[PDB]
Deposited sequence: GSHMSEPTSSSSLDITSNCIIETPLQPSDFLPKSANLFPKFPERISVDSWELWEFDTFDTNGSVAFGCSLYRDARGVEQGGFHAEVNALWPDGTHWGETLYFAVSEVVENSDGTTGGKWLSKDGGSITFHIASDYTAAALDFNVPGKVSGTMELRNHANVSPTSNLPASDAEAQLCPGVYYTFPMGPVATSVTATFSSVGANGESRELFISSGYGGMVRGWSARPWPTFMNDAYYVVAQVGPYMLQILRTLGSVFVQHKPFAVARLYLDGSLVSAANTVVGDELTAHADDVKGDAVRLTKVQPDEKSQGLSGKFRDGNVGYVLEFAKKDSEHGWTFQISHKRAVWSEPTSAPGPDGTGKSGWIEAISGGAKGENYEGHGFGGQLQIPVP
């Protein structure tokens, strides 16, 4: 029953080599339908991302579905699938799909399908009021199974949606949003070949935590960032989700952030600015400063972060201490060397809250650098 449909096929000419302007941001909408619906540019990107982890911080599973030109010569649109087991084994692949289809149905639901020539696919389906999302994985020889995210807040997702471009933006022209807010998650999946033995494993999460991201831009990442950190987390009653970028020379090294903080399902802080209508401060913790926390394998040696939410009418705000607890993925983003960069995914251990609070929880996070000056 689709009323809007966008279907792109790598094999056709759906990708143009000069810039394209997205359709305008829709206030108080999740903007789930593609903003580049008929064709994309070599610059443009769109993201639908669904991440999950268990309440004990021992299992994670995330899937990022992209429309962009990055995977064309590898045969299609890319999805990033990463999983971590309780014995520390991890599975991560970039999967390529020749066709990406997204539809909005008469009932208001949104469906997406990344589809391969061989019949494999990853599909998603999102409720009209954004309170549930489901993914189905059917990738022969790689991964099969299901994932589900569900929001149970007394306040609807719609009441928390950005009402203006500025509330939806990391910086001008870069949209990054969290339209589902706090979610409970489950995963049931089977992987064909896991670990150094290449043997089959199943992965289960139930009543877990996690989050959804919807983002898009005509601006390529290197033109506004050379370092980024993203986490979704649950810390006692708090649910938080943040992207913070550090600028490349092309934006005069300015930092940007989108962050949201919920208390038992109610929004208490929405920040689209860094400290320097709430604001966040995000400071790296170095291993000479704190004895707990892993570092990644590249030039960024931090062992975690301090995340502060500041309000103009709040004396002390909220502060959360983030420590890298378990490695998920690790991949280089430059040739190796003493300044070699990379990307590192984490299960985080996180504690804190307002003044006088010391809640404890976990997060699923990642950081990236790219060698743009």
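Coordinate coverage of the deposited sequence is interrupted at 1-5, 282-292, where no C-alpha atom was modelled.
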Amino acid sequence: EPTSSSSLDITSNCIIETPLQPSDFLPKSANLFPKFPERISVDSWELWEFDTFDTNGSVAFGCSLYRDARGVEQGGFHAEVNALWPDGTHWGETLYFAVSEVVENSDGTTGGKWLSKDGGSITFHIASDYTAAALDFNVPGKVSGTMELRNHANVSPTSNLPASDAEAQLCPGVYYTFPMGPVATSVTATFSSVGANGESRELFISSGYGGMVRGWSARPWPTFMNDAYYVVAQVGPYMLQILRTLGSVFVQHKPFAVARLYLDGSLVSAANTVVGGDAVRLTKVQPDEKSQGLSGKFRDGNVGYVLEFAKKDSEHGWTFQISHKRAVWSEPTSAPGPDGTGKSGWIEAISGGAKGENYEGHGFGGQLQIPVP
From here on, numbers count along this sequence of modelled residues.
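Comparing 115-123 with 219-227, the higher mean C-alpha B-factor in the PDB entry belongs to 115-123.
For the pair 177-185 and 70-78, the record assigns the higher mean C-alpha temperature factor to 70-78. Of the candidates 304, 345, 337, 62, the one whose C-alpha carries the top B factor in the deposited record is 337.
The PDB entry assigns the greatest CA B-factor among 101, 288, 202, 300 to 202. In the deposited entry, the Cα temperature factor of residue 4 places it in the highest third of its chain's modelled residues. Per the PDB record, residue ranking by Cα B-factor puts residue 23 in the lowest third of the chain. Among all modelled residues in this chain, the alpha-carbon of residue 265 has a temperature factor (C-alpha) in the highest third.
The deposited CA B-factor of residue 142 belongs to the highest third of values across its chain.
In this PDB entry, the Cα temperature factor of residue 130 sits in the top third of its chain's modelled residues, the highest group.
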